[PDB]
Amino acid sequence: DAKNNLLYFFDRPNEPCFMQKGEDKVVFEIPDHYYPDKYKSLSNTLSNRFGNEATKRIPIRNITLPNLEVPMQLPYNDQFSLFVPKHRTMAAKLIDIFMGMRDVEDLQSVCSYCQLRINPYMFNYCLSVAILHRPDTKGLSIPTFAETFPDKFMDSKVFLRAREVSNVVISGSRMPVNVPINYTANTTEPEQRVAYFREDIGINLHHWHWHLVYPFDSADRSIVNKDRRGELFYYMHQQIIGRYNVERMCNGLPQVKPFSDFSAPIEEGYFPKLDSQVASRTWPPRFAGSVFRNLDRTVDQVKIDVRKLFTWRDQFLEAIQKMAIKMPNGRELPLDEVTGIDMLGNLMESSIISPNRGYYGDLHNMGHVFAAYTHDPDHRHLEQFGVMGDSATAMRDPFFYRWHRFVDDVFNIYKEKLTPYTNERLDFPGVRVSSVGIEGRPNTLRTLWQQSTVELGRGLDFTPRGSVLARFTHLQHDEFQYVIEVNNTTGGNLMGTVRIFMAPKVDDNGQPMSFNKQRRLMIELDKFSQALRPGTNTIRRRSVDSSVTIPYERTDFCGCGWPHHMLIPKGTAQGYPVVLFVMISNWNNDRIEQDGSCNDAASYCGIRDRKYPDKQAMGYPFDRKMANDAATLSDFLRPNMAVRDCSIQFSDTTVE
């Protein structure tokens, strides 16, 4: 109960928790000394006011109050982001306080005290981390972040309308508030052609949830120290960039250009058109042609020149040239075959488990901070950060992909130094995959637009209770089934890892690609274990069972994962040519033996508090190159692999 009572802290985050909570009109018995200074003199009155007609009163246990001086340094009405150095310090302290409470009733009591005092975004974040790690709050799910703070995910005009519906339509049916799909720029903006991907609520949520579950800094290194999280940092973002590039190519745009010269103008501006109720202010835009400028923001404890990014970049290229990193003791640590990419991920992000954070810096994170503050690099204008500044919103900005293509280019310099996989490494003797395909018009995928609803009523502060739906339009695909034909010629049962990817057939200039190029555009569709009899086998796999995605209705905690409706690229009206690829590797050499887990969406998210369930490199078999730069995918193929030409056909039609 106390455990389940915690969920009330995700309801109406800007309303003081002495007010009625939930749709059921419950109140906490907030003690008088918990009331904020401004309300202390009226605490009797307010208590009576909100307790009137309450269906249930929840007692608050008397505790020794913790010292909140550190986390109270963030203004109640500021934005919160982990990218910002001082926000890391404050969040770690508050997480440490939440983790240290002896029991759930004590945790409830301290949460009520904090809710009334702490920045609501920081409170939300730290309470969520605590709920995900405390042994006594296991099997508690975090209420969907997009319904707690829906203004992070849609045009601020939505809330105008929603506040009107909520207050005026006091009886009878309500129509959903329409969420405009095209709103940040005109048709006359090329970048607007892929706004449906950048601004997708499921994609932004996956990004929030991934960083929530794999934080780069926290209260204890053990929260950060998850299995292969450095490598997963690389991979999850490599796949984002792959997916985004396909999308660009479906819409007549060239592939994203990396932001590798940190001094260059950022040609693509972005006007997010978002508003924050917590911060009581709109998000600042970034005008076209803006540049990174030297940072000195005392309030954020960030101070760093653009020059520094060049220094850090050069240090990386040198480490990769030597395949070795400088250590604090003046000696060197090899970048070895098994853990090299993981080390690099932690060096680059960077995270607290970086081998040498002092020297190698915080390159990727500072990139977000530079980009987020081009308009107010020294705080003279008292401006908050742009959307690049917050992991819930950063994917909205075309610049995100330029930054991540740069970061992925660095990781890829290392990946291309690794020895190509030998035939023996790749092969699964006795197993020949004769064909792969998609059932149906065979080998055809269909996409279209779909309208779905999200509930706004939990996140719309100081409005009447009741349902206020909003209706959004997003990409969607028809469901389908893979068919794989395989000969087991050995005389006994074998276990395989089936690995499914797709890539564009041609590049942005309409030309066939070498393997070394195309491999970077292989987007993961599935990974699963499969039993294989003597001799012929027909494997049928449903699109809905993908190891990459989570279902719509999804949105224990089990919220990380690519949204299912974005499993396949938009394609085109004429039919977009892709290659569907399958490999079956030897499961004996891939599996990890280990023990009630949510094992949804393991490809990009791993398995919470377990080992990443595949011994192979993330993105196998495409993470390494071939020796021959003119070699093609056909030249790659080994007997346990198969390819099929497929088409993705977009219908510019909308369903409900």
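All residue numbers are counted from 1 along the displayed sequence.
According to the entry, the deposited sequence has no residues without coordinates between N537 and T538, so the chain runs continuously there. Gap between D595 and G596: 1 to 3 deposited residues without coordinates.
Higher mean CA B-factor, judged across 497-505 and 227-235 from the recorded values: 497-505. Just going by the entry, 486-494 versus 469-477 on mean CA temperature factor gives the higher value to 486-494. Comparing C-alpha B-factors across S109, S156, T188, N167 in the deposited entry, the largest value falls on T188.
Across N204, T184, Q315, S434, the entry's maximum B-factor at the CA atom is seen for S434. When the modelled residues of the chain are ordered by their C-alpha B factor, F262 lands in the lowest third.
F10: CA B factor in the lowest third of modelled residues in this chain (values from the PDB entry). For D200, the recorded CA B-factor ranks within the lowest third of the chain. Only modelled residues enter the ranking. In this PDB entry, the Cα temperature factor of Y620 sits in the bottom third of its chain's modelled residues, the lowest group. When all modelled residues of the chain are sorted by CA temperature factor, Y421 is found within the highest third.
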